[PDB]
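Visitor: For reference, the file final-v1.pdb (PDB, C-alpha atoms and all ligand atoms) is included below:
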```
ATOM      1  CA  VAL B  17      -3.052  -4.746  19.207  1.00  0.00           C
ATOM      2  CA  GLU B  18      -4.031  -5.706  15.673  1.00  0.00           C
ATOM      3  CA  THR B  19      -7.495  -6.913  14.679  1.00  0.00           C
ATOM      4  CA  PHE B  20      -8.125  -9.235  11.714  1.00  0.00           C
ATOM      5  CA  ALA B  21     -11.261 -10.538  10.031  1.00  0.00           C
ATOM      6  CA  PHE B  22     -11.597 -14.295   9.698  1.00  0.00           C
ATOM      7  CA  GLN B  23     -11.926 -15.364   6.071  1.00  0.00           C
ATOM      8  CA  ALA B  24     -15.671 -15.441   5.319  1.00  0.00           C
ATOM      9  CA  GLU B  25     -16.174 -19.264   5.307  1.00  0.00           C
ATOM     10  CA  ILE B  26     -13.976 -19.796   8.389  1.00  0.00           C
ATOM     11  CA  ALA B  27     -16.248 -17.254  10.170  1.00  0.00           C
ATOM     12  CA  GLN B  28     -19.294 -19.138   8.922  1.00  0.00           C
ATOM     13  CA  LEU B  29     -17.855 -22.410  10.202  1.00  0.00           C
ATOM     14  CA  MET B  30     -17.076 -20.940  13.644  1.00  0.00           C
ATOM     15  CA  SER B  31     -20.655 -19.667  13.901  1.00  0.00           C
ATOM     16  CA  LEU B  32     -21.963 -23.085  12.908  1.00  0.00           C
ATOM     17  CA  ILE B  33     -19.778 -24.838  15.550  1.00  0.00           C
ATOM     18  CA  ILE B  34     -20.911 -22.367  18.224  1.00  0.00           C
ATOM     19  CA  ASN B  35     -24.618 -22.167  17.510  1.00  0.00           C
ATOM     20  CA  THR B  36     -25.511 -25.657  16.332  1.00  0.00           C
ATOM     21  CA  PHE B  37     -25.532 -28.678  18.656  1.00  0.00           C
ATOM     22  CA  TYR B  38     -22.989 -31.458  17.906  1.00  0.00           C
ATOM     23  CA  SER B  39     -22.294 -34.455  20.036  1.00  0.00           C
ATOM     24  CA  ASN B  40     -18.832 -36.011  20.303  1.00  0.00           C
ATOM     25  CA  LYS B  41     -17.231 -32.667  21.194  1.00  0.00           C
ATOM     26  CA  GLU B  42     -14.387 -34.487  22.956  1.00  0.00           C
ATOM     27  CA  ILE B  43     -12.496 -34.760  19.659  1.00  0.00           C
ATOM     28  CA  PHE B  44     -11.391 -31.132  20.109  1.00  0.00           C
ATOM     29  CA  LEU B  45      -8.589 -32.469  22.317  1.00  0.00           C
ATOM     30  CA  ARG B  46      -7.456 -34.956  19.676  1.00  0.00           C
ATOM     31  CA  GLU B  47      -7.268 -32.128  17.155  1.00  0.00           C
ATOM     32  CA  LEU B  48      -5.168 -29.887  19.418  1.00  0.00           C
ATOM     33  CA  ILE B  49      -2.828 -32.760  20.377  1.00  0.00           C
ATOM     34  CA  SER B  50      -2.432 -33.552  16.622  1.00  0.00           C
ATOM     35  CA  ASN B  51      -1.438 -29.975  15.957  1.00  0.00           C
ATOM     36  CA  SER B  52       1.143 -30.134  18.735  1.00  0.00           C
ATOM     37  CA  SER B  53       2.501 -33.383  17.407  1.00  0.00           C
ATOM     38  CA  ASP B  54       2.747 -31.932  13.843  1.00  0.00           C
ATOM     39  CA  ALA B  55       4.598 -28.897  15.261  1.00  0.00           C
ATOM     40  CA  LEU B  56       6.959 -31.178  17.209  1.00  0.00           C
ATOM     41  CA  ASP B  57       7.676 -33.180  14.029  1.00  0.00           C
ATOM     42  CA  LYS B  58       8.546 -29.903  12.257  1.00  0.00           C
ATOM     43  CA  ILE B  59      11.142 -28.755  14.811  1.00  0.00           C
ATOM     44  CA  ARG B  60      12.480 -32.301  15.199  1.00  0.00           C
ATOM     45  CA  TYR B  61      13.233 -32.653  11.502  1.00  0.00           C
ATOM     46  CA  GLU B  62      14.628 -29.113  11.253  1.00  0.00           C
ATOM     47  CA  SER B  63      16.972 -29.880  14.158  1.00  0.00           C
ATOM     48  CA  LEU B  64      18.508 -32.836  12.350  1.00  0.00           C
ATOM     49  CA  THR B  65      20.470 -30.503  10.093  1.00  0.00           C
ATOM     50  CA  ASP B  66      20.667 -27.514  12.458  1.00  0.00           C
ATOM     51  CA  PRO B  67      20.995 -28.590  16.100  1.00  0.00           C
ATOM     52  CA  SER B  68      21.090 -24.934  17.208  1.00  0.00           C
ATOM     53  CA  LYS B  69      17.356 -24.829  16.491  1.00  0.00           C
ATOM     54  CA  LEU B  70      17.015 -26.658  19.839  1.00  0.00           C
ATOM     55  CA  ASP B  71      18.944 -24.038  21.814  1.00  0.00           C
ATOM     56  CA  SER B  72      15.468 -22.790  22.719  1.00  0.00           C
ATOM     57  CA  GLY B  73      14.773 -26.186  24.299  1.00  0.00           C
ATOM     58  CA  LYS B  74      15.701 -29.773  23.529  1.00  0.00           C
ATOM     59  CA  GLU B  75      12.727 -31.526  25.117  1.00  0.00           C
ATOM     60  CA  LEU B  76       9.926 -32.384  22.622  1.00  0.00           C
ATOM     61  CA  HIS B  77       6.681 -32.970  24.465  1.00  0.00           C
ATOM     62  CA  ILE B  78       3.094 -31.961  25.212  1.00  0.00           C
ATOM     63  CA  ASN B  79       1.576 -30.827  28.533  1.00  0.00           C
ATOM     64  CA  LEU B  80      -2.084 -30.755  29.409  1.00  0.00           C
ATOM     65  CA  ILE B  81      -3.025 -28.296  32.198  1.00  0.00           C
ATOM     66  CA  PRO B  82      -6.545 -28.021  33.570  1.00  0.00           C
ATOM     67  CA  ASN B  83      -7.273 -25.052  35.904  1.00  0.00           C
ATOM     68  CA  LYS B  84     -10.630 -25.317  37.648  1.00  0.00           C
ATOM     69  CA  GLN B  85     -10.322 -21.885  39.287  1.00  0.00           C
ATOM     70  CA  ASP B  86      -9.858 -20.143  35.923  1.00  0.00           C
ATOM     71  CA  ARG B  87     -12.043 -22.637  34.026  1.00  0.00           C
ATOM     72  CA  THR B  88      -9.284 -23.150  31.464  1.00  0.00           C
ATOM     73  CA  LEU B  89      -7.695 -26.111  29.778  1.00  0.00           C
ATOM     74  CA  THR B  90      -4.261 -25.424  28.337  1.00  0.00           C
ATOM     75  CA  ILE B  91      -2.443 -27.572  25.740  1.00  0.00           C
ATOM     76  CA  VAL B  92       1.275 -26.696  25.632  1.00  0.00           C
ATOM     77  CA  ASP B  93       3.898 -28.025  23.267  1.00  0.00           C
ATOM     78  CA  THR B  94       7.556 -27.412  22.555  1.00  0.00           C
ATOM     79  CA  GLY B  95       7.068 -27.634  18.793  1.00  0.00           C
ATOM     80  CA  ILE B  96       8.239 -25.252  16.077  1.00  0.00           C
ATOM     81  CA  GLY B  97       5.944 -22.405  17.195  1.00  0.00           C
ATOM     82  CA  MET B  98       4.435 -19.749  14.895  1.00  0.00           C
ATOM     83  CA  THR B  99       5.810 -16.474  13.643  1.00  0.00           C
ATOM     84  CA  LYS B 100       3.449 -13.500  13.596  1.00  0.00           C
ATOM     85  CA  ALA B 101       2.808 -14.129   9.865  1.00  0.00           C
ATOM     86  CA  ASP B 102       2.121 -17.828  10.594  1.00  0.00           C
ATOM     87  CA  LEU B 103      -0.544 -16.875  13.193  1.00  0.00           C
ATOM     88  CA  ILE B 104      -2.227 -14.442  10.902  1.00  0.00           C
ATOM     89  CA  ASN B 105      -2.056 -16.636   7.821  1.00  0.00           C
ATOM     90  CA  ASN B 106      -2.676 -20.081   9.271  1.00  0.00           C
ATOM     91  CA  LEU B 107      -5.154 -19.236  12.030  1.00  0.00           C
ATOM     92  CA  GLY B 108      -7.809 -17.372  10.239  1.00  0.00           C
ATOM     93  CA  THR B 109      -7.246 -15.032   7.330  1.00  0.00           C
ATOM     94  CA  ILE B 110      -6.481 -17.493   4.539  1.00  0.00           C
ATOM     95  CA  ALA B 111      -9.193 -19.624   2.940  1.00  0.00           C
ATOM     96  CA  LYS B 112      -9.145 -23.375   3.494  1.00  0.00           C
ATOM     97  CA  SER B 113     -10.275 -25.397   0.502  1.00  0.00           C
ATOM     98  CA  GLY B 114     -12.290 -27.866   2.614  1.00  0.00           C
ATOM     99  CA  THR B 115     -14.348 -25.404   4.705  1.00  0.00           C
ATOM    100  CA  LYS B 116     -17.481 -25.258   2.533  1.00  0.00           C
ATOM    101  CA  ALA B 117     -17.479 -29.023   1.936  1.00  0.00           C
ATOM    102  CA  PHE B 118     -17.158 -29.638   5.682  1.00  0.00           C
ATOM    103  CA  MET B 119     -20.172 -27.467   6.448  1.00  0.00           C
ATOM    104  CA  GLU B 120     -22.183 -29.274   3.774  1.00  0.00           C
ATOM    105  CA  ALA B 121     -21.054 -32.594   5.310  1.00  0.00           C
ATOM    106  CA  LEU B 122     -22.250 -31.506   8.758  1.00  0.00           C
ATOM    107  CA  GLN B 123     -25.615 -30.416   7.403  1.00  0.00           C
ATOM    108  CA  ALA B 124     -25.905 -33.899   5.813  1.00  0.00           C
ATOM    109  CA  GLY B 125     -25.219 -35.590   9.155  1.00  0.00           C
ATOM    110  CA  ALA B 126     -21.465 -36.079   9.364  1.00  0.00           C
ATOM    111  CA  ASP B 127     -19.863 -36.462  12.733  1.00  0.00           C
ATOM    112  CA  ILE B 128     -17.968 -33.380  13.995  1.00  0.00           C
ATOM    113  CA  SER B 129     -14.958 -35.737  14.346  1.00  0.00           C
ATOM    114  CA  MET B 130     -14.428 -35.433  10.560  1.00  0.00           C
ATOM    115  CA  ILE B 131     -13.309 -31.820  11.051  1.00  0.00           C
ATOM    116  CA  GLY B 132      -9.570 -32.573  10.865  1.00  0.00           C
ATOM    117  CA  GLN B 133      -9.828 -34.421   7.571  1.00  0.00           C
ATOM    118  CA  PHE B 134     -11.294 -31.273   5.998  1.00  0.00           C
ATOM    119  CA  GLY B 135      -8.297 -29.133   7.000  1.00  0.00           C
ATOM    120  CA  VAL B 136     -10.027 -27.002   9.671  1.00  0.00           C
ATOM    121  CA  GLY B 137      -9.402 -29.029  12.841  1.00  0.00           C
ATOM    122  CA  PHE B 138      -8.244 -26.114  15.018  1.00  0.00           C
ATOM    123  CA  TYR B 139     -11.767 -24.642  15.079  1.00  0.00           C
ATOM    124  CA  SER B 140     -12.985 -27.685  17.029  1.00  0.00           C
ATOM    125  CA  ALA B 141     -11.753 -25.695  20.055  1.00  0.00           C
ATOM    126  CA  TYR B 142     -14.961 -23.665  19.731  1.00  0.00           C
ATOM    127  CA  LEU B 143     -17.070 -26.740  20.473  1.00  0.00           C
ATOM    128  CA  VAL B 144     -16.032 -26.373  24.126  1.00  0.00           C
ATOM    129  CA  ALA B 145     -14.421 -22.933  24.473  1.00  0.00           C
ATOM    130  CA  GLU B 146     -16.029 -19.490  24.561  1.00  0.00           C
ATOM    131  CA  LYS B 147     -12.622 -17.896  23.989  1.00  0.00           C
ATOM    132  CA  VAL B 148      -9.326 -19.253  22.751  1.00  0.00           C
ATOM    133  CA  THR B 149      -5.921 -17.694  23.338  1.00  0.00           C
ATOM    134  CA  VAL B 150      -2.847 -19.033  21.495  1.00  0.00           C
ATOM    135  CA  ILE B 151       0.565 -17.930  22.900  1.00  0.00           C
ATOM    136  CA  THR B 152       3.395 -18.929  20.563  1.00  0.00           C
ATOM    137  CA  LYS B 153       7.169 -18.509  20.153  1.00  0.00           C
ATOM    138  CA  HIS B 154       9.105 -19.420  16.983  1.00  0.00           C
ATOM    139  CA  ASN B 155      12.911 -19.202  16.679  1.00  0.00           C
ATOM    140  CA  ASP B 156      14.069 -15.877  15.184  1.00  0.00           C
ATOM    141  CA  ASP B 157      10.703 -14.155  16.097  1.00  0.00           C
ATOM    142  CA  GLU B 158       9.203 -12.653  19.287  1.00  0.00           C
ATOM    143  CA  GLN B 159       6.444 -14.219  21.400  1.00  0.00           C
ATOM    144  CA  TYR B 160       2.903 -13.526  20.250  1.00  0.00           C
ATOM    145  CA  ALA B 161      -0.657 -13.866  21.504  1.00  0.00           C
ATOM    146  CA  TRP B 162      -3.560 -14.649  19.168  1.00  0.00           C
ATOM    147  CA  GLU B 163      -7.059 -14.446  20.657  1.00  0.00           C
ATOM    148  CA  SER B 164     -10.637 -14.818  19.551  1.00  0.00           C
ATOM    149  CA  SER B 165     -14.117 -15.146  21.055  1.00  0.00           C
ATOM    150  CA  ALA B 166     -15.419 -15.703  17.528  1.00  0.00           C
ATOM    151  CA  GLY B 167     -17.932 -13.193  16.082  1.00  0.00           C
ATOM    152  CA  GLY B 168     -15.848 -12.827  12.950  1.00  0.00           C
ATOM    153  CA  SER B 169     -12.536 -11.395  14.179  1.00  0.00           C
ATOM    154  CA  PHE B 170      -9.379 -12.221  16.098  1.00  0.00           C
ATOM    155  CA  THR B 171      -6.507 -10.219  17.531  1.00  0.00           C
ATOM    156  CA  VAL B 172      -2.746 -10.552  17.475  1.00  0.00           C
ATOM    157  CA  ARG B 173      -0.344  -8.763  19.817  1.00  0.00           C
ATOM    158  CA  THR B 174       3.189  -9.136  21.029  1.00  0.00           C
ATOM    159  CA  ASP B 175       3.037 -11.126  24.283  1.00  0.00           C
ATOM    160  CA  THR B 176       4.582  -9.853  27.512  1.00  0.00           C
ATOM    161  CA  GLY B 177       3.633 -12.805  29.703  1.00  0.00           C
ATOM    162  CA  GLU B 178       5.789 -15.683  30.894  1.00  0.00           C
ATOM    163  CA  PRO B 179       8.439 -16.219  28.190  1.00  0.00           C
ATOM    164  CA  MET B 180       8.324 -19.614  26.477  1.00  0.00           C
ATOM    165  CA  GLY B 181      11.528 -20.943  25.000  1.00  0.00           C
ATOM    166  CA  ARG B 182       9.770 -22.201  21.883  1.00  0.00           C
ATOM    167  CA  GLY B 183       6.432 -23.758  21.092  1.00  0.00           C
ATOM    168  CA  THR B 184       2.725 -23.042  21.463  1.00  0.00           C
ATOM    169  CA  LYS B 185       0.261 -22.780  24.285  1.00  0.00           C
ATOM    170  CA  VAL B 186      -3.467 -23.083  23.458  1.00  0.00           C
ATOM    171  CA  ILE B 187      -5.611 -21.769  26.293  1.00  0.00           C
ATOM    172  CA  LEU B 188      -9.212 -22.825  26.175  1.00  0.00           C
ATOM    173  CA  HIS B 189     -11.594 -20.688  28.231  1.00  0.00           C
ATOM    174  CA  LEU B 190     -14.279 -23.354  28.601  1.00  0.00           C
ATOM    175  CA  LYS B 191     -18.020 -22.770  28.312  1.00  0.00           C
ATOM    176  CA  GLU B 192     -19.852 -23.208  31.607  1.00  0.00           C
ATOM    177  CA  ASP B 193     -21.493 -26.441  30.377  1.00  0.00           C
ATOM    178  CA  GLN B 194     -18.207 -28.017  29.257  1.00  0.00           C
ATOM    179  CA  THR B 195     -16.221 -28.129  32.501  1.00  0.00           C
ATOM    180  CA  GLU B 196     -16.018 -31.930  32.335  1.00  0.00           C
ATOM    181  CA  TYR B 197     -12.777 -31.306  30.343  1.00  0.00           C
ATOM    182  CA  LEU B 198     -11.121 -30.035  33.525  1.00  0.00           C
ATOM    183  CA  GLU B 199     -11.467 -33.454  35.186  1.00  0.00           C
ATOM    184  CA  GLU B 200      -8.459 -35.743  35.429  1.00  0.00           C
ATOM    185  CA  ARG B 201     -10.368 -38.898  34.597  1.00  0.00           C
ATOM    186  CA  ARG B 202     -12.120 -37.312  31.610  1.00  0.00           C
ATOM    187  CA  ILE B 203      -8.869 -36.009  30.100  1.00  0.00           C
ATOM    188  CA  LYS B 204      -7.274 -39.456  30.565  1.00  0.00           C
ATOM    189  CA  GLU B 205     -10.114 -41.295  28.848  1.00  0.00           C
ATOM    190  CA  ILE B 206     -10.099 -38.940  25.852  1.00  0.00           C
ATOM    191  CA  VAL B 207      -6.341 -39.158  25.421  1.00  0.00           C
ATOM    192  CA  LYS B 208      -6.471 -42.964  25.694  1.00  0.00           C
ATOM    193  CA  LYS B 209      -9.352 -43.170  23.180  1.00  0.00           C
ATOM    194  CA  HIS B 210      -8.166 -40.698  20.561  1.00  0.00           C
ATOM    195  CA  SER B 211      -4.458 -39.873  20.976  1.00  0.00           C
ATOM    196  CA  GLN B 212      -2.991 -43.254  21.958  1.00  0.00           C
ATOM    197  CA  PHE B 213      -0.377 -43.340  19.201  1.00  0.00           C
ATOM    198  CA  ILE B 214       1.041 -39.820  19.375  1.00  0.00           C
ATOM    199  CA  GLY B 215       4.830 -40.160  19.218  1.00  0.00           C
ATOM    200  CA  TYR B 216       5.769 -37.605  21.865  1.00  0.00           C
ATOM    201  CA  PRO B 217       5.348 -37.706  25.600  1.00  0.00           C
ATOM    202  CA  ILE B 218       2.069 -36.286  26.966  1.00  0.00           C
ATOM    203  CA  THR B 219       1.936 -35.074  30.594  1.00  0.00           C
ATOM    204  CA  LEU B 220      -1.150 -34.212  32.627  1.00  0.00           C
ATOM    205  CA  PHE B 221      -0.930 -31.647  35.389  1.00  0.00           C
ATOM    206  CA  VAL B 222      -0.263 -31.818  38.023  1.00  0.00           C
ATOM    207  CA  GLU B 223       2.594 -34.354  37.502  1.00  0.00           C
ATOM    208  CA  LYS B 224       1.611 -37.445  35.569  1.00  0.00           C
ATOM    209  CA  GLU B 225       3.091 -38.745  32.322  1.00  0.00           C
ATOM    210  CA  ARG B 226       0.366 -40.630  30.348  1.00  0.00           C
ATOM    211  CA  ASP B 227       1.120 -44.035  28.835  1.00  0.00           C
TER     212      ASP B 227
HETATM  213  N1  LIG K   1       0.394 -26.138  18.251  1.00  0.00           N
HETATM  214  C1  LIG K   1       0.706 -25.587  17.064  1.00  0.00           C
HETATM  215  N2  LIG K   1       1.982 -25.284  16.742  1.00  0.00           N
HETATM  216  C2  LIG K   1       2.288 -24.737  15.545  1.00  0.00           C
HETATM  217  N3  LIG K   1       1.364 -24.468  14.613  1.00  0.00           N
HETATM  218  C3  LIG K   1       0.040 -24.701  14.860  1.00  0.00           C
HETATM  219  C4  LIG K   1      -0.357 -25.264  16.123  1.00  0.00           C
HETATM  220  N4  LIG K   1      -1.731 -25.422  16.097  1.00  0.00           N
HETATM  221  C5  LIG K   1      -2.150 -24.973  14.874  1.00  0.00           C
HETATM  222  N5  LIG K   1      -1.069 -24.543  14.169  1.00  0.00           N
HETATM  223  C6  LIG K   1      -1.111 -23.993  12.823  1.00  0.00           C
HETATM  224  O1  LIG K   1      -2.477 -23.903  12.460  1.00  0.00           O
HETATM  225  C7  LIG K   1      -2.718 -24.534  11.196  1.00  0.00           C
HETATM  226  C8  LIG K   1      -4.156 -25.008  11.131  1.00  0.00           C
HETATM  227  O2  LIG K   1      -4.411 -26.087  12.039  1.00  0.00           O
HETATM  228  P1  LIG K   1      -5.651 -27.071  11.701  1.00  0.00           P
HETATM  229  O3  LIG K   1      -6.866 -26.211  11.579  1.00  0.00           O
HETATM  230  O4  LIG K   1      -5.636 -28.174  12.733  1.00  0.00           O
HETATM  231  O5  LIG K   1      -5.312 -27.648  10.242  1.00  0.00           O
HETATM  232  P2  LIG K   1      -4.179 -28.675   9.855  1.00  0.00           P
HETATM  233  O6  LIG K   1      -3.631 -29.317  11.088  1.00  0.00           O
HETATM  234  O7  LIG K   1      -3.171 -27.893   9.026  1.00  0.00           O
HETATM  235  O8  LIG K   1      -4.898 -29.723   8.906  1.00  0.00           O
HETATM  236  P3  LIG K   1      -5.232 -31.249   9.425  1.00  0.00           P
HETATM  237  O9  LIG K   1      -3.986 -32.127   9.312  1.00  0.00           O
HETATM  238  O10 LIG K   1      -6.315 -31.725   8.478  1.00  0.00           O
HETATM  239  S1  LIG K   1      -6.011 -31.113  11.383  1.00  0.00           S
HETATM  240  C9  LIG K   1      -1.694 -25.656  11.157  1.00  0.00           C
HETATM  241  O11 LIG K   1      -1.417 -26.177   9.852  1.00  0.00           O
HETATM  242  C10 LIG K   1      -0.508 -24.944  11.790  1.00  0.00           C
HETATM  243  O12 LIG K   1       0.138 -24.170  10.775  1.00  0.00           O
HETATM  244 MG    MG K   2      -4.642 -29.976  12.764  1.00  0.00          MG
END
```
What does the file become when written as structure tokens?
Ligand SMILES: Nc1ncnc2c1ncn2[C@@H]1O[C@H](COP(=O)(O)OP(=O)(O)OP(O)(O)=S)[C@@H](O)[C@H]1O
Ligand SMILES: [Mg+2]
Guide:
Amino acid sequence: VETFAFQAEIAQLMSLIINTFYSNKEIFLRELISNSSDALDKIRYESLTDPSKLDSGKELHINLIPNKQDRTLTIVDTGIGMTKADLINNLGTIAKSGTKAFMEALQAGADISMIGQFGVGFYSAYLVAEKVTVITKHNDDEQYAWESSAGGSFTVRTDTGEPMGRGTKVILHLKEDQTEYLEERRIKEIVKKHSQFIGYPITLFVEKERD
């Protein structure tokens, strides 16, 4: 297991998200679905000139899986996935140019929904989750698990769980006061409100394709 420090301003942002009250937390799901859709675009376009990139799975889609027993909400996609370098670089150690400006915007009264436009949308997960685990598999790399409960660091380790063909699984360990995001009707209303025009199928467990 390898431990990494979040870049200083990313750590500051995560603390701000965790310790300051914001309404409109529901946009976390929009941000994660957008990341899945971006990842699905990437593998789709790559496959146009190299169809073998889909040997690890041809279906391009997103699954939403609430688990009330475990208090988790999982967002799974069959997008391009992340290499180990991708996880380390893109999910915490490299500075984002918009982080400081976003925190200044929040202090001035901006809605938390603006988080994606500032280039730090992933961290919206911490509005509702005490811990986030990201399991990911990219072609020509092994499967990895990234994990953080905030506090300034994350870990990365080779994953020996259920093999994915290709893509990313974001597992949100929800805070005790945010279990509304495990409810069927709640998930449907948020998807309808915020993710209506995503260009890949979205399926809610346990069985239902959302249109
Ligand atoms: N499901 C995923 N599959 C592959 N890569 C991902 C996934 N989720 C996040 N990432 C990576 O994490 C990076 C950071 O995600 P975000 O913080 O949402 O920022 P961003 O999506 O690059 O910027 P936007 O368009 O303003 S939300 C992405 O650019 C991807 O490289
Ligand atoms: Mg994003």
Visitor: Rounded to one decimal place, report the atom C6 of ligand LIG 1 (chain K)-CA of residue 55 (chain B) distance in Å.
Guide: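 Distance reported for this atom pair: 7.9 Å.
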Visitor: If you apply the PyMOL selection byres (((chain B and resi 23) around 6) and not hetatm) to this file, what residues do you get, as JSON, numbers by chain?
Guide: {"B": [22, 24, 25, 26, 109, 111]}
Visitor: Quick one: everything within 9 Å of residue 221 (chain B), counting only C-alpha atoms, minus sequence neighbours fewer than 3 positions away in the same chain. Send it as a count of residues only.
Guide: 7
Visitor: Set the cut-off to 6 Å, count all atoms listed in the file, and list whatever residues fall near ligand MG 2 (chain K) as a ChimeraX atom specification.
Guide: /B:47,50-51,132,137-138
Visitor: Could you state which residues are captured by the PyMOL selection byres (((chain B and resi 134) around 9) and not hetatm) in this file, as an MDAnalysis selection string?
Guide: chainID B and resid 112:115 117:118 130:133 135:137
Visitor: Each side padded by 5 Å, which centre and which edge lengths in Å (one decimal) define the axis-aligned box around the listed atoms of region 118-134 of chain B? Give them as AutoDock Vina command-line options.
Guide:
```
--center_x -17.7 --center_y -32.0 --center_z 9.1 --size_x 26.3 --size_y 19.0 --size_z 20.6
```
Visitor: Find the nearest atom pair between each residue of chain B and ligand LIG 1 (chain K) for residues within 10 Å, count all atoms listed in the file, give distances in Å to one decimal, sort rows by chain and ascending number, and present the table as JSON lines.
Guide:
```
{"residue": "B:44", "atom": "CA", "partner": "K:LIG1", "partner_atom": "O4", "distance": 9.8}
{"residue": "B:46", "atom": "CA", "partner": "K:LIG1", "partner_atom": "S1", "distance": 9.3}
{"residue": "B:47", "atom": "CA", "partner": "K:LIG1", "partner_atom": "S1", "distance": 6.0}
{"residue": "B:48", "atom": "CA", "partner": "K:LIG1", "partner_atom": "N4", "distance": 6.5}
{"residue": "B:49", "atom": "CA", "partner": "K:LIG1", "partner_atom": "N1", "distance": 7.7}
{"residue": "B:50", "atom": "CA", "partner": "K:LIG1", "partner_atom": "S1", "distance": 6.8}
{"residue": "B:51", "atom": "CA", "partner": "K:LIG1", "partner_atom": "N4", "distance": 4.6}
{"residue": "B:52", "atom": "CA", "partner": "K:LIG1", "partner_atom": "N1", "distance": 4.1}
{"residue": "B:53", "atom": "CA", "partner": "K:LIG1", "partner_atom": "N1", "distance": 7.6}
{"residue": "B:54", "atom": "CA", "partner": "K:LIG1", "partner_atom": "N2", "distance": 7.3}
{"residue": "B:55", "atom": "CA", "partner": "K:LIG1", "partner_atom": "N2", "distance": 4.7}
{"residue": "B:56", "atom": "CA", "partner": "K:LIG1", "partner_atom": "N2", "distance": 7.7}
{"residue": "B:58", "atom": "CA", "partner": "K:LIG1", "partner_atom": "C2", "distance": 8.8}
{"residue": "B:59", "atom": "CA", "partner": "K:LIG1", "partner_atom": "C2", "distance": 9.8}
{"residue": "B:78", "atom": "CA", "partner": "K:LIG1", "partner_atom": "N1", "distance": 9.5}
{"residue": "B:91", "atom": "CA", "partner": "K:LIG1", "partner_atom": "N1", "distance": 8.1}
{"residue": "B:92", "atom": "CA", "partner": "K:LIG1", "partner_atom": "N1", "distance": 7.5}
{"residue": "B:93", "atom": "CA", "partner": "K:LIG1", "partner_atom": "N1", "distance": 6.4}
{"residue": "B:94", "atom": "CA", "partner": "K:LIG1", "partner_atom": "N2", "distance": 8.3}
{"residue": "B:95", "atom": "CA", "partner": "K:LIG1", "partner_atom": "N2", "distance": 6.0}
{"residue": "B:96", "atom": "CA", "partner": "K:LIG1", "partner_atom": "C2", "distance": 6.0}
{"residue": "B:97", "atom": "CA", "partner": "K:LIG1", "partner_atom": "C2", "distance": 4.6}
{"residue": "B:98", "atom": "CA", "partner": "K:LIG1", "partner_atom": "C2", "distance": 5.5}
{"residue": "B:99", "atom": "CA", "partner": "K:LIG1", "partner_atom": "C2", "distance": 9.2}
{"residue": "B:102", "atom": "CA", "partner": "K:LIG1", "partner_atom": "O12", "distance": 6.6}
{"residue": "B:103", "atom": "CA", "partner": "K:LIG1", "partner_atom": "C6", "distance": 7.2}
{"residue": "B:104", "atom": "CA", "partner": "K:LIG1", "partner_atom": "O1", "distance": 9.6}
{"residue": "B:105", "atom": "CA", "partner": "K:LIG1", "partner_atom": "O12", "distance": 8.4}
{"residue": "B:106", "atom": "CA", "partner": "K:LIG1", "partner_atom": "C7", "distance": 4.9}
{"residue": "B:107", "atom": "CA", "partner": "K:LIG1", "partner_atom": "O1", "distance": 5.4}
{"residue": "B:108", "atom": "CA", "partner": "K:LIG1", "partner_atom": "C8", "distance": 8.5}
{"residue": "B:112", "atom": "CA", "partner": "K:LIG1", "partner_atom": "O5", "distance": 8.9}
{"residue": "B:114", "atom": "CA", "partner": "K:LIG1", "partner_atom": "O10", "distance": 9.2}
{"residue": "B:130", "atom": "CA", "partner": "K:LIG1", "partner_atom": "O10", "distance": 9.2}
{"residue": "B:131", "atom": "CA", "partner": "K:LIG1", "partner_atom": "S1", "distance": 7.3}
{"residue": "B:132", "atom": "CA", "partner": "K:LIG1", "partner_atom": "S1", "distance": 3.9}
{"residue": "B:133", "atom": "CA", "partner": "K:LIG1", "partner_atom": "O10", "distance": 4.5}
{"residue": "B:134", "atom": "CA", "partner": "K:LIG1", "partner_atom": "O10", "distance": 5.6}
{"residue": "B:135", "atom": "CA", "partner": "K:LIG1", "partner_atom": "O10", "distance": 3.6}
{"residue": "B:136", "atom": "CA", "partner": "K:LIG1", "partner_atom": "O3", "distance": 3.8}
{"residue": "B:137", "atom": "CA", "partner": "K:LIG1", "partner_atom": "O4", "distance": 3.9}
{"residue": "B:138", "atom": "CA", "partner": "K:LIG1", "partner_atom": "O3", "distance": 3.7}
{"residue": "B:139", "atom": "CA", "partner": "K:LIG1", "partner_atom": "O3", "distance": 6.2}
{"residue": "B:140", "atom": "CA", "partner": "K:LIG1", "partner_atom": "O3", "distance": 8.3}
{"residue": "B:141", "atom": "CA", "partner": "K:LIG1", "partner_atom": "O3", "distance": 9.8}
{"residue": "B:150", "atom": "CA", "partner": "K:LIG1", "partner_atom": "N4", "distance": 8.4}
{"residue": "B:151", "atom": "CA", "partner": "K:LIG1", "partner_atom": "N1", "distance": 9.4}
{"residue": "B:152", "atom": "CA", "partner": "K:LIG1", "partner_atom": "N2", "distance": 7.5}
{"residue": "B:153", "atom": "CA", "partner": "K:LIG1", "partner_atom": "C2", "distance": 9.2}
{"residue": "B:154", "atom": "CA", "partner": "K:LIG1", "partner_atom": "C2", "distance": 8.8}
{"residue": "B:182", "atom": "CA", "partner": "K:LIG1", "partner_atom": "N2", "distance": 9.8}
{"residue": "B:183", "atom": "CA", "partner": "K:LIG1", "partner_atom": "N2", "distance": 6.4}
{"residue": "B:184", "atom": "CA", "partner": "K:LIG1", "partner_atom": "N1", "distance": 5.0}
{"residue": "B:185", "atom": "CA", "partner": "K:LIG1", "partner_atom": "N1", "distance": 6.9}
{"residue": "B:186", "atom": "CA", "partner": "K:LIG1", "partner_atom": "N1", "distance": 7.2}
```
Visitor: Could you spell out the hits of the PyMOL selection byres (((chain B and resi 207-209) around 10) and not hetatm) on the shown file, as an MDAnalysis selection string?
Guide: chainID B and resid 42:43 45:46 49 202:206 210:214 218 226:227
Visitor: Go through B:32, B:17, B:64, B:188 and flag the residue nearest residue 119 (chain B), using only C-alpha atoms for the distances.
Guide: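 Comparing B:32, B:17, B:64, B:188 against residue 119 (chain B), the winner is B:32.
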